[PDB]
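chains from the complex, first installment, not repositioned:
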Amino acid sequence: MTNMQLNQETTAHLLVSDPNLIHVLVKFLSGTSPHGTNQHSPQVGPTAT
């Protein structure tokens, strides 16, 4: 959607100007393993990074 054009304001400006994106990024960076059903590493692996 950053690549996507909206038909003005670009969609990246919509994303950064939206107040929910900062909560999205906090929830991603503070996600860890809240369920804790199985023993898991706190790191997210290379692909998510």
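Received the coordinates, thanks. Numbering: from 1, shown residues only, chains lettered A, B, ... in the order given.

just say helix, strand or coil for residue A:34.
coil (DSSP: H, G, I helix; E, B strand; the rest coil).

phi, psi for it please.
With angles defined as degrees, to the nearest 10, residue A:34 sits at phi -70, psi -30.

that one: what's it in contact with?
Under the criterion of CB atoms under 8 Å, 6 or more residues apart in numbering, residue A:34 has no contact partners. The way it works is simple: take the backbone N, C-alpha and C, and place the C-beta from them, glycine included.

for residue A:32, same thing?
Residue A:32 sits next to residue A:42 when contact means CB under 8 Å, 6+ apart.

how far away is it from residue A:42?
5 Å (CB to CB, to the nearest Å).

same structure, new chain, call it chain B:
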Amino acid sequence: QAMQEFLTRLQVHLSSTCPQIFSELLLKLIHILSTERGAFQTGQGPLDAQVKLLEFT
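Below is chain B, added to the chains above:
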């Protein structure tokens, strides 16, 4: 073990006088841990101490 003896001594010392305050304190502890942004939901904290506290409750 130290937390278990501390809670046991609280129970022994307040069984005669006022066990309802100790029971309400234990319930408030479970409530604060069990809510959102808590130790129970996020998985942080010791598992052993929380399990022993649950068994004591």
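
same question on the contacts of residue A:34, but with chain B included?
Residue A:34 sits next to B:41-43 when contact means CB atoms under 8 Å, 6 or more residues apart in numbering or on different chains.

give me the nearest residue to residue A:15, chain neighbours excluded.
Excluding the flanking residues, the one nearest residue A:15 by CB to CB, 6 or more residues apart in numbering or on different chains is residue A:21, at 5.5 Å.

count the neighbours of that neighbour for me.
Per other CB atoms under 10 Å in any protein chain shown, the neighbour tally for residue A:21 reads 12.

by contact count, what packs against the longest helix along chain A?
Once chain A is assigned using DSSP state H, the helix that runs over the most residues is helix A:20-29. When contacts are defined as 3 or more CB pairs under 8 Å, 6 or more residues apart in numbering or on different chains; DSSP states H and E, helix A:20-29 packs onto no helix or strand at all.
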